[PDB]
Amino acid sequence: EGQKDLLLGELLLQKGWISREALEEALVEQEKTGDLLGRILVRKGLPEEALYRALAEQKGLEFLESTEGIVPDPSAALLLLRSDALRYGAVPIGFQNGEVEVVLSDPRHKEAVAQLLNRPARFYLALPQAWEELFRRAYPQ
């Protein structure tokens, strides 16, 4: 679990998705634009799925390649108001071994959601459009 102590750029370098010169160029650009590093690398050719798998490794989330098969448990969605699910980007979908399963849209929100839910939870990560489709399934109307 040593990947949780790595910077994003280092994780992608170790995997081989970017070169050291591309990373330095990206950090140089960031110093003047303020954009997130991952957004710059994606614009420069990194697949968004590769970006999210690295961010999932960094924060201890399970990346979901697909949300199409999930049937959200209504009892789990009760654990967050719809307005909170939207604002925190978090969808409770079910339960495993006394933990609530929660699908995040942004790995940076893991800590704020965990503190709020205040109970054992297992966190997943989904790309924006898969997250949005799951959210409407779980929190209709």
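Residue positions are given as counts along the sequence shown, with the first one as 1.
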query: Mean temperature factor over C-alpha atoms, higher-scoring stretch between 30 to 38 and 54 to 62; finding: 30 to 38
query: 65 to 73 versus 95 to 103 - greater average Cα B-factor per the deposited record; finding: 65 to 73
query: Chain third (lowest, middle, highest) by recorded CA B-factor, residue given as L8; finding: lowest
query: Within-chain third of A85 by Cα B-factor, per the entry; finding: lowest
query: Third of the chain, ranked by Cα B-factor, where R20 sits; finding: highest
query: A130 CA temperature factor, ranked by third within the chain; finding: highest
query: Modelled-residue ranking by C-alpha temperature factor, third containing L79; finding: middle
